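This report concerns only the one structure given below.
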Amino acid sequence: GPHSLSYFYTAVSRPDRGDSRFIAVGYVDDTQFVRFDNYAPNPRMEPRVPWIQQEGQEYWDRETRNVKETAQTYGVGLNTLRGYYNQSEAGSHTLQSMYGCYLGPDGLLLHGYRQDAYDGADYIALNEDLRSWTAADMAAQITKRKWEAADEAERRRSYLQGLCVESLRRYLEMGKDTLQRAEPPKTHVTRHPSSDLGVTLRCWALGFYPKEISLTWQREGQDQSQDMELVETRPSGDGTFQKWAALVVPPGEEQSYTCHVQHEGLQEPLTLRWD
Amino acid sequence: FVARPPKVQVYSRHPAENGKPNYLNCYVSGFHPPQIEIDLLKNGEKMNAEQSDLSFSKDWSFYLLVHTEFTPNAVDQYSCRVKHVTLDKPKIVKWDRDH
Amino acid sequence: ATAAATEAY
């Protein structure tokens, strides 16, 4: 699918104690490329992958300044929301923000988004048209009236249609050899007995990128999806991902089951079996 | 105000093999609030390990990766210990080269 | 590149 640039902000109040902490991470597709964390002294926006390191000092200065000012805004925001909900000043709360753009075939914004959450729940979000907001509750409706009167949606739209996509197309170039390379998973099937009438067959997918993948089991061409164990896709540690799908079968029917792996890194979808 | 417990996976980067250097991973996700303590243990003792930058999934729940280099053998026991407000007591997940 | 600070909550 289409490439995307996205940022994820987490602000956490520390009462008090008596300030916040603010963390930002930036991704291109499933690859983290920058981070900011004012838990560190003299905080700076910093590179998290080789290909971004080549940005000049002015970029890093501008990004740093920008996020530090954003951190201040979220510090104030936490105080404001505590007020909206008439909550105790002694408790810590979270304000999360999620925004990004997707690149279309014409090199323009395919679609963009901006979503915010308070204490882990939807608070306010920009609608698909990038021109109106959806408030989750009465408190968010106060924020909404402020953002409507302030032209926040129009600034967001211009960013998403402008700087966001422009930056994305740039990063995609800089990190060509890695961002635009599909890394197929290395696969195999393992067997793990249990009692006499149970045997776990596990289909592995290792070191793949991007994150999107399909692992399914079939019993003579019939899907076995409902008794299948599917783990959450997990980071390999090197920028790639891992995943596996297991299912218990009769200790003799091993040959009667097939694992099917679909990943854009493959030439053809795979069909694995236990040997 | 709503707390979600951490899910934990402990695993190696490459297929385990005694004597061969590898990488030990403890992936923790689905939790909230963000405050959490995650330690990789070797025979019950804390290891040097680095932690990823705090991020979150589409459902707002946080995830972190704690990981370190290690050379698996036939003796050493590895595990991940996780402390979170949602947890009655520390969550200890022993490493299994089969899962 | 990051967006400028959002309006106040």
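No value in this document is a laboratory result; all are computed from the given coordinates. All Cβ positions, even for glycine, are placed from backbone atoms using ideal geometry, and neighbour counts span all protein chains on display.
A few notes on this one:
- Debye-sum result for the protein assembly as shown in log10 I(q)/I(0), which assumes one identical scatterer on each alpha carbon, at q = 0.10 Å⁻¹: -0.75
- Based on every Cα atom in segment A:182-272, Rg and the maximum pairwise Cα distance Dmax equal 13.3, 41 Å.
- Trypsin sites (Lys or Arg not before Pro) restricted to segment A:197-275 and DSSP loop, no more than 15 other C-beta within 10 Å: A:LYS211, A:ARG273
- Spin-label model distance (nm) - B:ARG97 vs A:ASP137, 7 Å beyond Cα toward Cβ: 5.0 nm
- Segment A:1-181 - convex hull of alpha carbons, volume per residue in Å³: 118 Å³
- Here the Karplus curve 6.51 cos²θ - 1.76 cosθ + 1.60, taken at θ = phi - 60°, turns the phi angles of segment A:218-232 into couplings of 10, 10, 6, x, 9, 4, 10, 3, 7, 10, 7, 9, 10, 7, 4 Hz, with x standing for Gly and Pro.
- Considering all different alpha carbon pairs of chain B, the Kirkwood hydrodynamic radius works out to 13.9 Å.
- Extension gain, A:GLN72-A:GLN53: 0.36 nm per intervening residue step, less the Cα-Cα distance, totals 4.2 nm.
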